[PDB]
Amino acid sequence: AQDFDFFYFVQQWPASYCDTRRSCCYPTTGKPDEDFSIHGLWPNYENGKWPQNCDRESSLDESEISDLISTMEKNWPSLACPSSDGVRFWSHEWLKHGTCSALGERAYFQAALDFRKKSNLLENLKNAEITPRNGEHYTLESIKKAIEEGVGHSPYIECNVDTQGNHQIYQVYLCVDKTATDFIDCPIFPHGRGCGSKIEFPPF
């Protein structure tokens, strides 16, 4: 392992990936739950760069996460087309990011699953009365603070735009320490700026 500074734990709102101009295909298991799903757990550097594809000889061995697959199909689905079981996506994230995490394959996926549950984004938002509905009905501030109170750290929100031209919450970034033990304050955040003061939290 070459070591890194921290992890970006990236989750996304499925609805916002499927209501755009691009193509989204439901998993082989069917339409995903109306809940935040995992995009990936990424080893990163504090200088804005990151290591990737650290072991191009370490393919994903499904046997090691066999019993986690049914959960992953629901909490870490692939929305790309054509419809798939998600293995390609998981293989991709493992090879590109997992091999650089210093974590064993099962530990890597379990960590992602554990942090998705711990972050409890959907419920933290409900607690603040922020629920899915059409239109830019919510202030970005209310969303960030609601997650912050429930996680204890401020998230970074990435927004994209739906066919109607509404700016919507697309992905949520939180930071995890390099030992994958707990959430930490992000040393740095990405530099996007697609989130207006008012955004949409699209229903499924």
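Counting begins at 1, following the sequence as shown.
Looking at 61-69 and 27-35 together, the entry lists the larger mean B-factor for 27-35, computed on C-alpha atoms. Between the stretches 38-46 and 161-169, it is 161-169 that shows the larger average CA temperature factor. Highest CA B-factor among the listed residues (186, 10, 18, 180): 18.
Highest CA B-factor among 117, 92, 74, 133, as stated in the entry: 133. Ranked within its chain, residue 54 lands in the highest third, by CA B factor from the PDB record.
When all modelled residues of the chain are sorted by CA temperature factor, residue 81 is found within the highest third. In the deposited entry, the Cα temperature factor of residue 103 sits in the bottom third of values across the chain's modelled residues. Sort the modelled residues of the chain by CA B factor and residue 128 lands in the highest third. The deposited CA B-factor of residue 151 belongs to the highest third of values across its chain.
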